[PDB]
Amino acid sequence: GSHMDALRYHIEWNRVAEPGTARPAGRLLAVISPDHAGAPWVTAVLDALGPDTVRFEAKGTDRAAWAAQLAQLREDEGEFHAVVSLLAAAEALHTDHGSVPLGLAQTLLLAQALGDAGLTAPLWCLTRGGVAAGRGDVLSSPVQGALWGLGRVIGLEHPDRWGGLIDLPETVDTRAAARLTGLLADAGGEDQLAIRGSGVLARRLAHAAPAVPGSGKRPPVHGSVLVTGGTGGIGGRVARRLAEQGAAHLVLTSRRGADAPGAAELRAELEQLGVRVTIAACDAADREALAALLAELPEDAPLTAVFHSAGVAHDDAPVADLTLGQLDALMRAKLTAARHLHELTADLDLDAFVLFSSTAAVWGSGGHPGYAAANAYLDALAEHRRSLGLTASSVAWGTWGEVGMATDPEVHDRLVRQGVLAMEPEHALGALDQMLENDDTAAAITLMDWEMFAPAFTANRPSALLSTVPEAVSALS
């Protein structure tokens, strides 16, 4: 019980002190995506930054061209107090990389090209409705939410030229503008911020409250349950659990399907438990294949839940190196697949819609920008779905033992050294069931050694995020 409780953490937002009322002394550089500069919040921000602010229009996605343009600007215009990116407004998918929002691609390349050009002014990435901050906040853009995943990794990899992330309110009035320009002047060590009418909120990680025994509001598991990546490590273990809890029919998918290693043994396992088993080969980013799968479900066993476990973590790279192709391949099973899943099942009144995220999206991991972005999309999509009145849960896993991605010893060793320890599957799954019985929207489930993790995480840069974890605070004293 308390073993599972100890695994569960929650992102929350605390009010922080009002900033000062002077705009920065030095000049700002504002980066705009020229075909996506029309949104009201972009206009309001440009107006708040004032006419002295230099504007750079980021056209297309050409790293070398931008580097040369930025170098010229630095030469001509001198040094900047900060760089303020409005590239998040470009939500349309990149025409050559169908799983990458244009704004996300352009933000990556901007971070690369600023380094290339030696423009060292701290980079601030602005979004509008990419987080749910404050009671009753509406996360209106899960695409912009992905950009926070990337941003946190930029802060780990380039801490000395990263400013942070600020989410703007729906209405950027004079209060909100003064709060924005104040933070850009000095942010008081905060770097993950939401501006809202009631004040300025900052992102915090906290222990979740211990499960209240006997208090579950989870519907019984029944009918058909789709587990994407269901032939993989965590997915198989999740499929078994669901079978024990009363699913009538488990639909497992993956690109390899019945050819996936271990698939024949997993099917026989599930059939011993008295469950119908369908194992289908198909890319979760393929909308038509998903539709066809849902259309052929038994009339006796309609879809009641989705567990999205499809994902890859390999072929990622440092921010300074990551290509748009590698980014696309990392986003595919996460952004594109989850969006299909959401759209195809929105009208089905599901009991559960569970997205498997990662701690790489909670606090960030160096070397894993694309994976962090892709999983940050899932967290944001769950908040978005709740605002529409749909069920959703995003579970950001730490490291599993025994099965799945993280059982390579070299990977394992790296993680244990950072203090992200391998969970026993029974404990991880038990903590998941607690989350689902509480009907939480988003949680991290992870076994930590804070005495290892906190000093490693904050070596280069303090983290206000962790100020609300007493073990982290205590490690750093």
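When you see a residue number, it is the position in the sequence shown, counting from 1.
- Looking only at CA atoms, which has the higher mean B factor in the entry: 394 to 402 or 170 to 178? Result of the comparison: 170 to 178.
- So which stretch wins on mean C-alpha B-factor, 67 to 75 or 96 to 104? Averaging CA B-factors over each stretch, the winner is 67 to 75.
- Task: For the C-alpha B-factor as written in the entry, point me to the maximum among 340, 255, 308, 135.
- Result: Of 340, 255, 308, 135, 135 has the highest C-alpha B-factor.
- Message: Comparing recorded Cα B-factors across 220, 130, 232, 223, which one is largest?
- Response: The record points to 220.
- Message: Ranking every modelled residue in this chain by its Cα temperature factor as given in the entry, which third contains residue 444?
- Response: Lowest third.
- Grab the CA temperature factor for residue 423 from the record and place it in the lowest, middle or highest third of its chain. It falls in the middle third of the chain.
- Task: Just say lowest, middle or highest third for the CA B-factor of residue 366 relative to the other modelled residues in its chain.
- Result: Within its chain, residue 366 is a middle-third residue by C-alpha B-factor, going by the deposited values.
- Looking at the entry's B-factor column for C-alpha atoms only, identify whether residue 46 ranks in the lowest, middle or highest third of its chain. For residue 46, the deposited C-alpha B-factor lands in the lowest third.
- Quick one: classify residue 111 as lowest, middle or highest third of the chain based on its Cα B-factor. Lowest third of the chain for residue 111's C-alpha B-factor.
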